[PDB]
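S.K.: Residue numbers (our numbering): 28 to 262.
Dropping a structure here in structure tokens format, bear with me for questions.
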Ligand SMILES: [Cl-]
Ligand SMILES: [Cl-]
Ligand SMILES: [Cl-]
């Protein structure tokens, strides 16, 4: 796996500019040494492609920001669930319960069928930034990995993105994601809040929130093409 610094350096210039306050901070080198040292010590740290969400969705192309907290720490048939996009799972992995509830809301909102798989790459290529606020995890451990270092980084990301690009849609699910409103001006953006889609909270108001339809209304209001919330038949 490339060192974390090399993964920061490989980002497009537009993302590097948004992350520069963090990369210039005292927290950057320690985060890099921690993640690199965990891998060097033989721990199963996921995903390998830490910034996949950013590589697939460049800043100018961001339309919708969907926050997760930690990457999945589980696996399915020996394939890790985390692959660098919030909520998404790679081809060959069954959708976990939170993602099934996301799909249930889309199916109810638009009448689409339940997808065959859980890979959200094709939403990222349409401008859906699928950003976990903590971007690494240790296999089978629910403990957040480098929580404080990563959140300094993704806090910088959210603030700088939102300050440079007006009229984004933010889907903020759960209290942790909703607290990220402190990082931007909510009158300049569409802020959609609901409980988290996990089964523990989904029936408190995630199911029924209509966020995917609301997001598309706001995009069209601002002259942008709406998201196709379907998924192609194969991943
Ligand atoms: Cl370059
Ligand atoms: Cl700049
Ligand atoms: Cl710092």
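Beta carbons are placed, not taken as given, at the ideal position from N, Cα and C, and that holds for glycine.
#1: With DSSP collapsed to three states, give me the class of residue 197.
#2: Looking at residue 129: is its Cβ nearer than 8 Å to the Cβ of residue 224?
#3: Taking the beta carbon of residue 227 as the centre, do at least 16 other beta carbons fall within 10 Å, making it buried, or is it exposed?
#4: Around the C-beta of residue 207, are 16 or more other C-beta atoms found within 10 angstroms, so that it is buried, or is it exposed?
#5: Among 42, 234 and 195, which residue has its Cα nearest to the Cα of residue 250?
#6: Measuring only the C-alpha atoms, how far is residue 185 from residue 87?
#7: May I ask you to verify whether the segment 123-137 touches the segment 154-166, counting CB pairs closer than 8 Å and requiring at least 3?
#8: Which stretch, first to last residue, makes up the alpha helix (DSSP H) that contains residue 155?
#9: Quick one, are the C-beta atoms of residue 264 and residue 179 less than 8 Å apart?
M.R.: Per the coordinate set shown:
#1: Here residue 197 refers to the residue found at position 170 of the chain shown. Strand.
#2: For the purposes of this step, residue 129 is identified with residue 102 of the chain shown, where counting begins at 1. For the purposes of this step, residue 224 is identified with residue 197 of the chain shown, where counting begins at 1. Their beta carbons are under 8 Å apart, which means residue 129 touches residue 224 by this criterion.
#3: One-based indexing of the chain shown puts residue 227 at position 200. Residue 227 is exposed by the Cβ-count criterion.
#4: What you label residue 207 is simply residue 180 of the chain shown in a count that begins at 1. The residue is buried, with at least 16 neighbouring Cβ atoms inside 10 Å.
#5: Looking up residue 250 in the chain shown gives position 223. The shortest Cα separation from residue 250 among 42, 234 and 195 belongs to 195.
#6: Locating residue 185 in the chain shown gives position 158, where the first residue counts as 1. Locating residue 87 in the chain shown gives position 60, where the first residue counts as 1. Distance between the alpha carbons of residue 185 and residue 87 is about 14 Å.
#7: no
#8: Residue mapping note: residue 155 aligns to position 128 of the chain shown, counting from 1. Element bounds for residue 155: not the alpha helix (DSSP H) but the beta strand (DSSP E), 155-159.
#9: The shown model of the chain, from 28 to 262, leaves out residue 264, and the question about it has no answer.
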